[PDB]
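Asker: just the structure for this:
(one chain, ligands or ions: 1)
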Amino acid sequence: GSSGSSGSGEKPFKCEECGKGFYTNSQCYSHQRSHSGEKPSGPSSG
Ligand SMILES: [Zn+2]
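Answerer: Numbers count the residues shown, from 1 in each chain. Below you will find the coordinate block:
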């Protein structure tokens, strides 16, 4: 709704976990990864 102790208002692409800010979808996801640890790695591993 509103904020004060923050600068980045709104962005075209932000994280769903915390709410980070991004400009390109690809980027948004990249970070989103961090929000994952207890998971198996098959075709790709962090
Ligand atoms: Zn996040």
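Asker: and stretch 32-46, what's buried?
Answerer: Neighbour counts using 16 or more other C-beta atoms under 10 Å place residue 32 of stretch 32-46 among the buried residues. C-beta coordinates here come from the backbone N, C-alpha and C atoms, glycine included.
Asker: my bad, stretch 3-16
Answerer: Residues of stretch 3-16 classed as buried: 14-15 (neighbour count, 16+ other C-beta under 10 Å).
Asker: got a list of contacts for it?
Answerer: By C-beta atoms under 8 Å, 6 or more residues apart in numbering, the surrounding residues in contact with stretch 3-16 are 20-25, 27-28, 31-32, 35.
Asker: please tell me how far that stretch is from the chain's geometric centre.
Answerer: Stretch 3-16 sits 11 Å away from the centroid of its parent chain (C-alpha atoms, centre = their mean, to the nearest Å).
Asker: for stretch 36-46, same thing?
Answerer: Chain-centre distance of stretch 36-46: 17 Å, with C-alpha atoms, centre = their mean.
Asker: what segments of this protein are helices?
Answerer: Along the chain, counting by DSSP state H, helices occupy 25-34.
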